[PDB]
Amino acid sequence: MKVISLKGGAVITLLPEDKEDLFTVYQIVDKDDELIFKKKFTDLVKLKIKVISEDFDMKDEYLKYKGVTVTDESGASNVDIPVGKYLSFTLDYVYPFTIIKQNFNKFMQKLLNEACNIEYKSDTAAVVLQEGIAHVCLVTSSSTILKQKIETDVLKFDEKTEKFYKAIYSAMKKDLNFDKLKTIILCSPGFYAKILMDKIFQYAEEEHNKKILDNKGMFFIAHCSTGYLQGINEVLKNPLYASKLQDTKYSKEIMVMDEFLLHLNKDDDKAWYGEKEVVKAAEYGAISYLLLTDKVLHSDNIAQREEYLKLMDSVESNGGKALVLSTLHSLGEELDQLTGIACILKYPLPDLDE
């Protein structure tokens, strides 16, 4: 993503760069917002509309806003174009547009800002190693960009192995961002990947590096024919691997949705759902984990989402954390089945429903 300018409300001029940015745009543009762009029906012309509805298909890489045109007295658009007609805008990755936005919030601003960081984007890191070489890597939305070229029986200790590993190790916690990643792949022709995996978790407890130890489930071990850059792509497109590329991607959400029901199924009073019950649990300050969907926070009810934003800070300003789940995926679709809002508590709050 690229934000050209940006100057309550606001005026955002921005450029979506891939389908991951189309989704970002999706959660920002609101009904009644206004949109300056270019269309043709070299006969291109600058148009402008008040948004009315949306057509979104991430798989199809398709975002379209339907709306009616409006007066732009700056003449800077809608020239010769009669005000009041129907007109739509299909997003393209080529020309930027401007959003005259009314309720731009810090949650939206976080997402947009994050989308711009071409690091914060990439959420899959690799490490490929033949029997002597390793590559700390970063899988980007197009390229498998390298971060650091490091260099029988393969199962027995050695001083030049246990030096080598700690190198990969460090080179990783240096060249990599475990906050913004969701998946880390270790793949190797041979035992090398597995060996690298444990050496990693070995040194972790030495440093007590809970940034890695907390996420033992973002790591994925794989085989590939060569320990060169080739390997990454054998795995990415290997179907017997696909499902479990997802299980690691959502390691955290998978874990959080777990405990939520652990409590919920023990008729346990430590887990709840419903706008009502969660706002109350917030009054006690008892929330360890707030669970919201992306849908409920970009609701049409602009009133209702004022509440939920407060609830997010409120909850964290109090030593609890928050989690936005995508209704485009199983966990979000499930949290959906529960009104897109629920929580986990620090203690049992009997009868928050009475």
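Position 1 is the first residue in the sequence shown; the rest follow in order.
Unmodelled deposited residues between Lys7 and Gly8: 4 to 9, per the record. Gap check for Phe41 to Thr42: 10 or more deposited residues are absent from the model. Mean C-alpha B-factor is higher over 184 to 192 than over the other stretch, the pair under comparison being 184 to 192 and 105 to 113. The mean Cα B-factor in the deposited entry runs higher for 208 to 216 than for the other of 208 to 216 and 280 to 288. Comparing C-alpha B-factors across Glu151, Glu275, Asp92, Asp258 in the deposited entry, the largest value falls on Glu151. The maximum CA B-factor among the listed residues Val29, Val45, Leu297, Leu323, taken from the PDB record, is found at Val45.
Placement of the Cα temperature factor of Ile99 within the chain: lowest third of the modelled residues, per the deposited record.
In the PDB entry, a CA B factor belonging to the middle third of its chain's modelled residues is recorded for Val70. Sorting the modelled residues of the chain by their CA temperature factor places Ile52 in the lowest third.
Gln230: CA B factor lies in the highest third for its chain, per the PDB record. Ranked within its chain, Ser251 lands in the middle third, by CA B factor from the PDB record.
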